[PDB]
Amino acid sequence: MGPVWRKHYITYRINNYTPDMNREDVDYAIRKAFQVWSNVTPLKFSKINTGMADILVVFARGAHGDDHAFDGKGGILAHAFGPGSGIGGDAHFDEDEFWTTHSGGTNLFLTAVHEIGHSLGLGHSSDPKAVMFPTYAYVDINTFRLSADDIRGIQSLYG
């Protein structure tokens, strides 16, 4: 029962890009991650390059300006703030990980689906098949599906 955006049009902006991947692949991973959630809700997401976005996607290292400092390679991979103005909604990814499009390193798409879930108001799930489960696991991203638990959670917040 976390906070929700009180609107169905939500903007995002990619503040900066990890050097681990090329720019087009970061854009693609993030766009696809948003699409996962838009597919089961009334929410629409538009990327903007200037202006005031609701959800700011950031790659940062260690102590990076909030009360959720990162811990170097491994451990916590990313974190996100629930809906709200300013820092609210923003999704932060630990640059000390090695972000990838694949099964090696840490898959950006999967991690982004999880974080965007928080950006929309979801908390963690106890279901090990849920993308909102607390621990990262790689799954073939081409056959990725939200679990029924994730769909339940997000539909309880929107629509």
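Heads up: residue numbers just count along the shown sequence, starting at 1.
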remark   = Looking only at C-alpha temperature factors in the entry, 104-112 or 130-138, the higher average sits in 130-138
request  = Taking the mean of the C-alpha B-factors per stretch from the entry, tell me the winner out of 95-103 and 114-122.
outcome  = 95-103
key: Ranked C-alpha temperature factor of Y17 among modelled chain residues, by third   = middle
key: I151 - Cα temperature factor, lowest/middle/highest third of chain   = middle
task = Name the third of the chain's ranked CA B-factors that contains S38, choosing lowest, middle or highest.
result = lowest
note = By the entry's values, the third containing the CA B factor of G72 is the middle
inquiry  = For the chain shown, is the CA B-factor of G84 in the lowest, middle or highest third of its modelled residues?
reply    = highest
